[PDB]
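In: Pasting an experimental structure with its sequence.
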Amino acid sequence: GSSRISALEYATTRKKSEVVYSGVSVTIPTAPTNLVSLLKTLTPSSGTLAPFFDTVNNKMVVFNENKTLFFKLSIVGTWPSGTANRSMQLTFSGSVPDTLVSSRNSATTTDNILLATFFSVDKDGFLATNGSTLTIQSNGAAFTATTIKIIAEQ
Amino acid sequence: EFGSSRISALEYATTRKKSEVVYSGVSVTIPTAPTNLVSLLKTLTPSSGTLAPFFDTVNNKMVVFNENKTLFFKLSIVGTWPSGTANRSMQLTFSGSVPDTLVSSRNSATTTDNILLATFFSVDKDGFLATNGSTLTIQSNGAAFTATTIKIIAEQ
Amino acid sequence: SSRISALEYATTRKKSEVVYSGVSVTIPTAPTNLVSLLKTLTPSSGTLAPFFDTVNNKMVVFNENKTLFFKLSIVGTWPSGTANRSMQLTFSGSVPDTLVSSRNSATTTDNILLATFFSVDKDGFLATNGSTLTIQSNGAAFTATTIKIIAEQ
Ligand SMILES: N[C@@H](CCC(=O)O)C(=O)O
Ligand SMILES: N[C@@H](CCC(=O)O)C(=O)O
Ligand SMILES: N[C@@H](CCC(=O)O)C(=O)O
């Protein structure tokens, strides 16, 4: 069945946004900050925010499919020298909001960050209709990001 | 050949199976002692979703389909530790051939108490998870935690 | 016929899942090539091949537009009394990724679970170069007694 086969091929084709900002100086402040708003002003080194990051409404958006979305944010940067307790926090709005935190303390010298998660998108569900506002906040002190890689795939 | 049967099998293979359960507007203590998570949740009435088929409420464990398909797990908890709690963490252990221990730790720099634990389990046909399931044991560290919304997902 | 067989390939998981049991392995406080460390140990089950290259001491991937999922589960210990402590794992790449599992006095368990994914592109950086995995223990060295490592694609 060519039509059923084509549907299976579509279902098993990864769709994604994978955007790299190399050589930027993005301050991630200590106050809640819309992440897409922060990124959309920057010229990417590679990739595009579309289709998963909507630069008009400053949100992550998804395809209307019963297919899970995988998300990763990799940040190279620094907190100020001497900052001990510190964390990077990223919240996704949703029916139940999800709050990611990468915390560290005096024991860890590296300031680089890797946040990863997934969203089990339902057809005609909350994410499919509303998208998700991503709100980022640096805790302990402001963070200065010099490379950012952001991925959403479904 | 077996074309028809193989297409139907592929349709099954690419259909997500899931439990996605939300408990909204609750007030649930996650204590500092090890607590069977399924035992804790099954006392609550879901606002949406069902524990079946991934959470066995007789044996109080997560169970999986016997197929070479990875299971993705997420636990999202809205709640609080007592005011002033500085060092604190939420931990979740899954029994297995090698047990896995998830920890979300934080300190004075982070004021939010909300928790997001996510992972995967690479289920093998006739393997440990498929044969035994996994006991999930949750524990709050620093002080007891009071959860007001819980969302739990297992999918395969 | 062939589109069906191709779909069967596309939807079949490929994996390395290696368990090292009953070991007492120091993960030092200095950067350490993880594949170099593991390949000295005898697995209780599984094989480093095909995802872990023990000649160049790196993770390697299939040259396919298919995401790789990675998990490292470690049973072990920091020295008694260690409060602030963390385990970190860096993957080289076009942009390197640094995973950190940190904890403090509130947490008693020392066991570690690091999980992530890599959105491999055909003929992309990972497919062309692989990834060097560098592990480091912070606060004090960590003694690992069971290690389970998974890469799947
Ligand atoms: N099923 C929810 C997402 C659940 C999740 O947070 O993964 C939705 O479609 O909006
Ligand atoms: N392959 C193991 C699971 C490994 C993992 O922890 O992901 C099983 O089938 O029980
Ligand atoms: N697309 C990148 C991987 C991106 C990631 O780190 O997930 C590659 O093929 O090398």
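Out: Okay, I see it. Numbers count the residues shown, from 1 in each chain, chains lettered A, B, ... in the order given. Ligands and ions are numbered 1, 2, ... in the order given.
In: contact partners of the longest helix along chain A?
Out: The single longest helix within chain A, with elements called by DSSP state H, is helix A:2-11. Helix A:2-11 has contacts (Cβ atoms under 8 Å, 6 or more residues apart in numbering or on different chains) with A:67, B:7, B:10, B:11, B:14, C:3, C:4, C:7. The way it works is simple: take the backbone N, C-alpha and C, and place the C-beta from them, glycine included.
In: And the second one, how far from ligand 1?
Out: Taking Cβ to the nearest ligand atom, to the nearest Å as the measure, residue B:7 falls 27 Å from ligand 1.
In: how many neighbours does that residue have?
Out: Using other Cβ atoms under 10 Å in any protein chain shown as the criterion, residue B:7 is surrounded by 18 other residues.
In: what sits opposite the residue of chain A found nearest ligand 2 in the beta ladder?
Out: Per Cβ to the nearest ligand atom, residue A:118 is where chain A lies closest to ligand 2, at 15.1 Å. Note on residue A:118: beta-bridge partners by DSSP bridges are residue A:70.
In: pretty sure it contacts residue A:68?
Out: Yes - taking contacts as Cβ atoms under 8 Å, residue A:118 lies within contact range of residue A:68: 5.4 Å.
In: need the contact list for residue A:67.
Out: A:11, A:121, A:154, B:16.
In: I'd like those as a markdown table, with distance to ligand 3 appended.
Out: Formatted as a markdown table, the contacts of residue A:67 follow (distance: Cβ to the nearest ligand atom, whole Å):
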| residue | distance to ligand 3 |
| --- | --- |
| A:11 | 21 |
| A:121 | 19 |
| A:154 | 14 |
| B:16 | 22 |
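In: okay, the angle between the longest helix of chain A and helix B:3-13?
Out: Angle of helix A:2-11 versus helix B:3-13, following axes from the mean of the first three to the mean of the last three Cα atoms, to 10 degrees, is 30 degrees.
In: quick check, distance from helix A:2-11 to the centre of its chain.
Out: 29 Å (Cα atoms, centre = their mean, to the nearest Å).
In: residues contacting the closest residue to residue A:37 other than its chain neighbours?
Out: Computed as Cβ to Cβ, 6 or more residues apart in numbering or on different chains, the closest residue to residue A:37 that is not its neighbour in sequence is residue A:58, at 4.6 Å. Shown in contact with residue A:58 (Cβ under 8 Å, 6+ apart): A:34, A:36, A:37, A:40, A:133.
In: Help me confirm that the first one comes into contact with residue A:132.
Out: It refers to residue A:34. No - under the criterion of Cβ under 8 Å, residue A:34 is not in contact with residue A:132, lying 11.3 Å apart.
In: List of residues touching stretch A:125-134?
Out: If you take Cβ under 8 Å, 6+ apart as the criterion, stretch A:125-134 is touched by A:34-36, A:54, A:57-65, A:69, A:90-95, A:119, A:121-122.
In: how about the strands of chain A, start to end?
Out: Assigned by DSSP state E, chain A shows strands spanning A:16-28, A:33-34, A:53-54, A:59-60, A:69-78, A:86-92, A:98-104, A:113-119, A:134-139, A:143-153.
In: how about the first one, does it get close to chain B?
Out: No - looking at strand A:16-28 against chain B by Cβ under 8 Å from any Cβ of the partner chain, there are no contacts, and the closest approach is 13.8 Å.
In: and that strand, what other elements does it pack with?
Out: Applying 3 or more Cβ pairs under 8 Å, 6 or more residues apart in numbering or on different chains; DSSP states H and E, one finds that strand A:16-28 contacts helix A:35-39, strand A:69-78, strand A:134-139, strand A:143-153.
In: Would you mind listing what in chain A touches chain C?
Out: With Cβ under 8 Å from any Cβ as the criterion, chain A meets chain C at residues A:5, A:8-9, A:12-14, A:16, A:18, A:20, A:22, A:70, A:72, A:74, A:76, A:102-110, A:112-114, A:116, A:147, A:149, A:151, A:153.
In: Mind doing that once more with 6 Å?
Out: With Cβ under 6 Å from any Cβ of the partner chain as the criterion, chain A meets chain C at residues A:5, A:8, A:12, A:14, A:20, A:70, A:74, A:103-108, A:110, A:112, A:114, A:116, A:147, A:149, A:151, A:153.
In: Using PDB, write out every CA atom in the longest helix of chain A.
Out: Extracted in PDB, the C-alpha atoms of helix A:2-11 (Å, rounded to 0.1, in the frame of the first residue of the first chain):
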ATOM      1  CA  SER A   2       1.800   3.100  -1.300                       C
ATOM      2  CA  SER A   3      -0.300   5.500   0.600                       C
ATOM      3  CA  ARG A   4       0.200   3.600   3.900                       C
ATOM      4  CA  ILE A   5       3.900   3.300   3.200                       C
ATOM      5  CA  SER A   6       4.200   7.000   2.500                       C
ATOM      6  CA  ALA A   7       2.400   7.800   5.700                       C
ATOM      7  CA  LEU A   8       4.900   5.500   7.600                       C
ATOM      8  CA  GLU A   9       7.800   7.300   5.800                       C
ATOM      9  CA  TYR A  10       6.500  10.600   7.000                       C
ATOM     10  CA  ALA A  11       6.000   9.400  10.500                       C
END
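In: For residue A:113, list each beta-bridge partner.
Out: With DSSP bridges as the criterion, residue A:113 is bridged to residue A:75.
In: Looks like residue A:77 contacts residue A:147 (just checking).
Out: No - in this structure, residue A:77 is not within contact of residue A:147 by Cβ atoms under 6 Å, at 7.4 Å.
In: Which members of the contacts of residue A:67 are the farthest-apart pair?
Out: Greatest spatial distance among those (Cβ to Cβ): A:11 and A:121, at 13.2 Å.
In: is it true that residue A:72 touches residue A:116?
Out: Yes - the criterion here is Cβ under 6 Å, and residue A:72 meets it with residue A:116 at 4.4 Å.
In: Quick one: residues contacting residue A:18.
Out: When contacts are counted by Cβ atoms under 6 Å, 6 or more residues apart in numbering or on different chains, residue A:18 touches A:47, A:151.
In: quick one: residue A:102 and residue A:114 touch, right?
Out: No - contact between residue A:102 and residue A:114 fails when scored by Cβ under 6 Å: they sit 7.3 Å apart.
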